[PDB]
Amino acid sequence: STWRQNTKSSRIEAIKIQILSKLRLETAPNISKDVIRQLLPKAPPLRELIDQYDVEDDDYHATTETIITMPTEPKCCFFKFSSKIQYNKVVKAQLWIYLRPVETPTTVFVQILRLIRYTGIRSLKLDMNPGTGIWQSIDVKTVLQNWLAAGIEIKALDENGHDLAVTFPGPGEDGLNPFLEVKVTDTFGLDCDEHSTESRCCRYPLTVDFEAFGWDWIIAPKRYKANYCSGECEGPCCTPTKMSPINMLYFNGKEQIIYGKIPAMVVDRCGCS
(Lines of atoms letter the chains of each structure in order from A and count residues from 1; the text may use other names and numbers.)
(Lines give C-alpha, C1' and ligand atoms only; values in the text may rest on other atoms or scores of the structure.)
Protein backbone atom coordinates (compact mmCIF):
# COMPACT_ATOMS: atom_id res chain seq x y z
CA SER A 1 0.00 0.00 0.00
CA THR A 2 1.91 3.07 -1.33
CA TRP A 3 0.79 6.73 -1.87
CA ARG A 4 -1.85 5.37 -4.31
CA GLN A 5 -3.73 3.48 -1.52
CA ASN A 6 -3.58 6.67 0.59
CA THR A 7 -5.19 8.48 -2.42
CA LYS A 8 -7.85 5.72 -2.75
CA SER A 9 -8.76 5.98 0.99
CA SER A 10 -8.96 9.81 0.98
CA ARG A 11 -11.19 9.58 -2.15
CA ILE A 12 -13.68 7.32 -0.23
CA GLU A 13 -13.70 9.85 2.67
CA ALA A 14 -14.23 12.72 0.19
CA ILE A 15 -17.17 10.93 -1.53
CA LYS A 16 -18.83 10.39 1.92
CA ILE A 17 -18.52 14.11 2.83
CA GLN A 18 -19.53 15.19 -0.74
CA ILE A 19 -22.70 13.05 -0.76
CA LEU A 20 -24.13 14.57 2.47
CA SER A 21 -22.91 18.09 1.53
CA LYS A 22 -24.36 18.03 -2.05
CA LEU A 23 -27.65 16.45 -0.80
CA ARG A 24 -27.87 19.25 1.89
CA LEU A 25 -27.81 16.69 4.76
CA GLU A 26 -26.12 17.61 8.06
CA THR A 27 -25.90 13.89 9.03
CA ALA A 28 -26.58 10.55 7.27
CA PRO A 29 -30.32 9.81 7.79
CA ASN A 30 -30.79 7.35 10.70
CA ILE A 31 -33.12 4.82 8.97
CA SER A 32 -32.62 1.04 9.46
CA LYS A 33 -33.49 -1.64 6.82
CA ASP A 34 -36.41 -2.65 9.15
CA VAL A 35 -37.89 0.90 8.91
CA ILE A 36 -37.20 1.03 5.10
CA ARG A 37 -39.23 -2.26 4.68
CA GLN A 38 -42.27 -0.48 6.21
CA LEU A 39 -41.83 2.94 4.49
CA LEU A 40 -40.55 2.02 0.97
CA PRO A 41 -43.64 1.75 -1.29
CA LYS A 42 -44.07 -1.57 -3.20
CA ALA A 43 -45.48 0.43 -6.14
CA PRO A 44 -44.83 0.87 -9.93
CA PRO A 45 -43.09 4.37 -9.58
CA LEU A 46 -40.49 2.92 -7.11
CA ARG A 47 -39.96 -0.29 -9.11
CA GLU A 48 -39.50 1.87 -12.26
CA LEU A 49 -36.98 4.29 -10.57
CA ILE A 50 -35.04 1.23 -9.26
CA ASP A 51 -35.13 -0.80 -12.57
CA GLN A 52 -33.41 2.19 -14.40
CA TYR A 53 -30.09 1.08 -12.77
CA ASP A 54 -30.23 -2.34 -14.56
CA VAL A 55 -29.72 -0.66 -18.00
CA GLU A 56 -18.96 16.98 -26.96
CA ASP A 57 -17.27 20.42 -26.58
CA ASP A 58 -13.76 21.90 -27.16
CA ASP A 59 -13.06 23.94 -23.97
CA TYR A 60 -9.23 23.89 -24.38
CA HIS A 61 -8.24 25.64 -27.66
CA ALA A 62 -8.82 29.37 -28.35
CA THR A 63 -11.84 30.67 -30.34
CA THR A 64 -10.95 33.10 -33.21
CA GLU A 65 -13.46 36.02 -33.33
CA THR A 66 -11.67 38.37 -35.82
CA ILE A 67 -9.00 37.69 -38.48
CA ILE A 68 -6.96 40.54 -40.00
CA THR A 69 -5.00 39.59 -43.11
CA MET A 70 -2.31 41.71 -44.80
CA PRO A 71 -1.41 41.16 -48.50
CA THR A 72 1.19 38.39 -49.18
CA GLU A 73 4.63 39.60 -50.41
CA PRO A 74 5.72 44.07 -57.81
CA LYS A 75 1.97 43.24 -57.73
CA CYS A 76 -0.95 43.93 -55.32
CA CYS A 77 -2.96 42.54 -53.62
CA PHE A 78 -3.09 38.77 -52.93
CA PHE A 79 -4.46 37.45 -49.60
CA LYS A 80 -3.68 34.42 -47.27
CA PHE A 81 -4.60 30.73 -47.80
CA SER A 82 -3.21 29.05 -44.58
CA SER A 83 -5.97 29.58 -41.90
CA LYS A 84 -9.03 27.26 -42.15
CA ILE A 85 -12.35 29.21 -42.50
CA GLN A 86 -15.96 28.07 -43.17
CA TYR A 87 -18.27 29.29 -46.00
CA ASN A 88 -21.18 30.07 -43.55
CA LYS A 89 -19.13 31.01 -40.44
CA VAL A 90 -18.28 34.46 -41.93
CA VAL A 91 -20.28 37.20 -40.11
CA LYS A 92 -18.51 40.25 -41.64
CA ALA A 93 -15.69 40.80 -44.20
CA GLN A 94 -14.37 44.30 -44.91
CA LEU A 95 -11.44 45.43 -47.06
CA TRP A 96 -9.66 48.43 -45.52
CA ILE A 97 -7.67 50.83 -47.72
CA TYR A 98 -5.78 54.05 -46.85
CA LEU A 99 -5.98 57.09 -49.12
CA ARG A 100 -2.96 59.42 -48.95
CA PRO A 101 -3.55 63.14 -47.98
CA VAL A 102 -4.23 65.46 -50.98
CA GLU A 103 -2.38 68.74 -51.78
CA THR A 104 -5.50 70.35 -53.36
CA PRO A 105 -9.22 69.36 -52.90
CA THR A 106 -10.19 66.70 -55.52
CA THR A 107 -12.71 63.91 -56.28
CA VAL A 108 -11.42 60.37 -55.69
CA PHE A 109 -12.61 57.45 -57.84
CA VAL A 110 -12.12 54.25 -55.84
CA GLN A 111 -12.28 50.98 -57.85
CA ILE A 112 -11.96 47.45 -56.39
CA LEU A 113 -11.85 44.47 -58.78
CA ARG A 114 -11.54 40.72 -58.19
CA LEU A 115 -8.83 39.19 -60.43
CA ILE A 116 -9.36 35.87 -62.30
CA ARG A 117 -10.42 37.86 -66.22
CA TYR A 118 -11.69 40.89 -64.18
CA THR A 119 -14.99 41.36 -62.27
CA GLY A 120 -16.08 44.55 -60.52
CA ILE A 121 -17.03 44.32 -56.83
CA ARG A 122 -17.25 48.00 -55.69
CA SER A 123 -16.88 51.53 -57.10
CA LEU A 124 -16.73 54.64 -54.91
CA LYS A 125 -16.79 58.39 -55.42
CA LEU A 126 -15.08 60.36 -52.65
CA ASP A 127 -14.45 64.02 -51.99
CA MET A 128 -11.07 64.70 -50.36
CA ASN A 129 -9.79 67.97 -48.86
CA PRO A 130 -6.18 68.86 -47.81
CA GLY A 131 -5.14 68.00 -44.24
CA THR A 132 -5.04 64.23 -43.62
CA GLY A 133 -5.39 60.83 -45.30
CA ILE A 134 -8.53 58.70 -44.80
CA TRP A 135 -9.37 54.98 -44.16
CA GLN A 136 -12.02 53.51 -46.45
CA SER A 137 -13.73 50.18 -45.61
CA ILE A 138 -15.34 48.14 -48.42
CA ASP A 139 -17.89 45.34 -47.86
CA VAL A 140 -16.45 42.14 -49.43
CA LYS A 141 -18.53 39.48 -47.51
CA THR A 142 -20.21 38.08 -50.69
CA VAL A 143 -16.83 37.83 -52.55
CA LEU A 144 -14.90 36.37 -49.52
CA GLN A 145 -17.47 33.50 -49.30
CA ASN A 146 -17.37 32.93 -53.12
CA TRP A 147 -13.57 32.28 -53.00
CA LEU A 148 -13.86 30.02 -49.88
CA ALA A 149 -15.78 27.41 -51.98
CA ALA A 150 -12.77 27.18 -54.42
CA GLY A 151 -6.35 38.54 -55.89
CA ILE A 152 -7.84 42.04 -55.49
CA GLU A 153 -6.86 45.12 -57.56
CA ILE A 154 -7.18 48.43 -55.66
CA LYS A 155 -7.36 51.84 -57.40
CA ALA A 156 -8.09 55.27 -55.90
CA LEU A 157 -7.41 57.99 -58.48
CA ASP A 158 -7.79 61.74 -57.98
CA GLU A 159 -8.69 64.40 -60.66
CA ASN A 160 -5.06 64.34 -61.99
CA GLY A 161 -4.82 60.54 -62.34
CA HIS A 162 -2.55 60.09 -59.29
CA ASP A 163 -3.28 56.96 -57.21
CA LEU A 164 -3.87 57.80 -53.52
CA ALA A 165 -4.44 54.19 -52.29
CA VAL A 166 -1.52 52.73 -50.29
CA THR A 167 -0.90 49.16 -51.63
CA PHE A 168 2.91 48.77 -51.42
CA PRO A 169 3.79 51.25 -48.62
CA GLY A 170 6.52 53.79 -49.34
CA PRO A 171 8.74 55.46 -46.68
CA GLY A 172 6.82 56.55 -43.56
CA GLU A 173 3.68 54.58 -44.54
CA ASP A 174 3.90 51.95 -41.75
CA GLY A 175 0.61 50.19 -40.98
CA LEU A 176 -1.15 51.86 -43.93
CA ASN A 177 -1.21 48.70 -46.14
CA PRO A 178 -4.59 47.27 -47.30
CA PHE A 179 -6.08 44.52 -45.15
CA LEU A 180 -9.08 42.21 -44.79
CA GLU A 181 -11.03 42.37 -41.54
CA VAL A 182 -13.03 39.14 -41.23
CA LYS A 183 -15.36 38.45 -38.26
CA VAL A 184 -16.29 34.76 -37.73
CA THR A 185 -18.44 32.63 -35.34
CA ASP A 186 -16.21 29.60 -34.55
CA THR A 187 -16.15 27.67 -31.22
CA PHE A 188 -8.96 11.13 -24.05
CA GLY A 189 -6.97 10.77 -20.78
CA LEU A 190 -4.73 8.13 -19.13
CA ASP A 191 -6.39 5.01 -17.54
CA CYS A 192 -4.55 2.51 -15.27
CA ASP A 193 -5.33 -0.72 -13.42
CA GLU A 194 -4.92 -1.00 -9.55
CA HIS A 195 -1.49 -2.72 -9.85
CA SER A 196 -0.12 -0.49 -12.66
CA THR A 197 3.59 0.38 -12.46
CA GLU A 198 2.67 3.75 -14.15
CA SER A 199 4.18 6.74 -12.28
CA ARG A 200 2.42 9.48 -14.32
CA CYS A 201 -0.92 11.09 -13.39
CA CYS A 202 -3.50 8.37 -14.12
CA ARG A 203 -7.16 7.40 -13.52
CA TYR A 204 -7.55 4.24 -11.40
CA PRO A 205 -10.71 2.14 -10.70
CA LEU A 206 -12.77 2.54 -7.51
CA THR A 207 -16.20 1.09 -6.71
CA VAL A 208 -18.11 2.74 -3.89
CA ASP A 209 -20.35 0.30 -1.95
CA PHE A 210 -22.95 2.16 0.21
CA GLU A 211 -23.97 -1.15 1.91
CA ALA A 212 -20.34 -1.42 3.14
CA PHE A 213 -20.69 2.06 4.77
CA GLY A 214 -24.02 0.97 6.28
CA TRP A 215 -25.77 3.77 4.36
CA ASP A 216 -29.08 1.90 3.87
CA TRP A 217 -30.94 5.25 3.42
CA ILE A 218 -29.57 5.15 -0.17
CA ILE A 219 -31.99 2.89 -2.13
CA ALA A 220 -30.15 3.15 -5.44
CA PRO A 221 -27.43 2.88 -6.63
CA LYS A 222 -26.15 0.36 -4.05
CA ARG A 223 -22.75 0.52 -5.80
CA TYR A 224 -21.15 2.90 -8.34
CA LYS A 225 -17.84 3.27 -10.18
CA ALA A 226 -16.34 6.51 -8.78
CA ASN A 227 -12.63 6.14 -9.77
CA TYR A 228 -9.73 8.32 -8.53
CA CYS A 229 -6.59 10.13 -9.73
CA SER A 230 -3.05 9.23 -8.71
CA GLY A 231 0.40 9.86 -10.13
CA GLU A 232 3.29 12.27 -10.51
CA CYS A 233 3.11 15.55 -12.46
CA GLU A 234 6.45 16.78 -13.89
CA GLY A 235 0.57 22.06 -12.88
CA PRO A 236 2.32 19.76 -10.36
CA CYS A 237 -0.95 18.19 -9.17
CA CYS A 238 -2.85 15.05 -10.38
CA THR A 239 -6.57 15.96 -10.21
CA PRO A 240 -9.82 15.20 -12.14
CA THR A 241 -10.19 17.40 -15.27
CA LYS A 242 -13.60 15.89 -16.18
CA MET A 243 -16.32 14.61 -13.83
CA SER A 244 -19.84 13.21 -14.36
CA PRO A 245 -23.02 13.11 -12.20
CA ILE A 246 -24.91 10.17 -10.64
CA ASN A 247 -28.66 9.78 -10.07
CA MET A 248 -29.59 8.77 -6.54
CA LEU A 249 -32.82 7.43 -4.99
CA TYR A 250 -32.58 8.05 -1.24
CA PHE A 251 -34.46 8.61 2.05
CA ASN A 252 -33.87 12.23 3.23
CA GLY A 253 -34.86 11.35 6.83
CA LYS A 254 -37.83 13.74 6.64
CA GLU A 255 -40.65 11.23 5.74
CA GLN A 256 -39.58 11.60 2.02
CA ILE A 257 -37.87 9.55 -0.72
CA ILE A 258 -36.05 11.67 -3.25
CA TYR A 259 -34.71 10.97 -6.71
CA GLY A 260 -32.06 13.44 -7.77
CA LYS A 261 -28.95 14.21 -9.81
CA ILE A 262 -25.68 14.58 -7.84
CA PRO A 263 -23.01 16.38 -9.93
CA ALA A 264 -19.25 15.55 -10.10
CA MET A 265 -19.43 12.13 -8.35
CA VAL A 266 -17.59 10.10 -11.04
CA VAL A 267 -14.01 10.85 -12.19
CA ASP A 268 -13.92 10.61 -16.01
CA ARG A 269 -10.47 12.06 -16.76
CA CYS A 270 -7.34 12.93 -14.76
CA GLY A 271 -4.88 15.70 -15.53
CA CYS A 272 -2.12 17.87 -14.12
CA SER A 273 -3.21 21.32 -12.83
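Position 1 is the first residue in the sequence shown; the rest follow in order.
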**Prompt:** Which class fits the unmodelled deposited stretch between residue 116 and residue 117: none, 1 to 3, 4 to 9, or 10 or more?
**Reply:** 4 to 9
**Asked** What number of residues from the deposited sequence go unmodelled in the gap from residue 150 to residue 151, classed as none, 1 to 3, 4 to 9, or 10 or more?
**Response** 4 to 9
**Request:** Using the B-factors recorded in the PDB entry, average over the C-alpha atoms of 61-69 and of 35-43, then report which stretch comes out higher.
**Result:** 61-69
**Fill in**
When mean C-alpha B-factors in the record are compared for 140-148 and 156-164, the larger belongs to 140-148
**Item:** Most elevated Cα B-factor in the entry, residues 205, 235, 240, 214
**Value:** 235
**Asked** Which of these, 121, 97, 190, 126, has its C-alpha atom at the highest B-factor, as the entry lists it?
**Response** 121
**Message:** Per the entry's values, where does residue 56 land by CA temperature factor relative to the rest of its chain, in the lowest, middle or highest third?
**Reply:** highest
